[PDB]
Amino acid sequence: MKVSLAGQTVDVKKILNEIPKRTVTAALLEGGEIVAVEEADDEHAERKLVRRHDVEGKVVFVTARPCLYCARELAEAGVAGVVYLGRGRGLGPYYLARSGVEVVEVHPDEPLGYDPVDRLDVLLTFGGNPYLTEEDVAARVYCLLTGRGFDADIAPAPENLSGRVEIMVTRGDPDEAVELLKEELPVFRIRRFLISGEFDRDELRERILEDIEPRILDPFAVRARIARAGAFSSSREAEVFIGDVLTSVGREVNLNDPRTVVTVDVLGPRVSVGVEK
């Protein structure tokens, strides 16, 4: 759906699926295209946007309802329009409508299209609860991690994949985090990954030998999940490959009762692997 306001037309799905959504985010639009983006940290997204860029005459897209202080700054800075998602306690829209600024609250009937994290430190998996959403689970997760002093990029339903929430820990220890999460999200599958990136086959071999093999207790078994085919095309293709690297080094495999399981996740070009005992 598209909104026409203040001299430009903004297409909602495009902008959504094009800005980061790790936290509340503000994007500055000109001619309908994004010329700036800021993400909330201690500072609100809108405030960073206004002081770090020139917003006058333009349209701002925000991923939540702007708080009052921000609406004031946006209006005073001379923004002409604001398009926002209908989330949050913020009252700034009502102040904006009374300040000459065109404002619209959109509710897409489709998933937002979150991005998969660049480094899948922790993967969370859950099923069969029709009323629960990835965003609910990501909400809890976000609350716990930040609550405990952690910094993380959290991605619910990346690529609109259901049952999934992905975590990348940028500050603090990933294994402290899974411990936390295991404790609170009892019925969810939590998985730690020791390496995760877009690797050549050669690069992936070197990485497995470096960070995965030494952690192995024989016998092992490789279990691969293909969330999106790319670097590998089937579970067995990746199992055989990773298995061979190790088995030729030379570790022992036993698929029936291994002491260590080597986990692999594949999302398109992204390969992640960890070990569980």
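Residue numbers run from 1 along the displayed sequence.
Look at the mean CA B-factor for 28 to 36 and for 61 to 69 in the entry; the higher one is 28 to 36.
Relative to its counterpart among 84 to 92 and 170 to 178, 170 to 178 has the higher mean temperature factor, C-alpha atoms as listed in the PDB entry. Of the candidates 120, 204, 161, 154, the PDB record gives 204 the highest C-alpha temperature factor. Highest C-alpha temperature factor among 197, 149, 100, 116, as the PDB entry reports it: 149. Among all modelled residues in its chain, residue 233 ranks in the middle third by Cα B-factor.
In the deposited entry, the Cα temperature factor of residue 225 sits in the bottom third of values across the chain's modelled residues. Ranked by C-alpha B-factor against the other modelled residues of its chain, residue 143 falls in the middle third. Sort the modelled residues of the chain by CA B factor and residue 74 lands in the lowest third. Placement of the Cα temperature factor of residue 185 within the chain: highest third of the modelled residues, per the deposited record.
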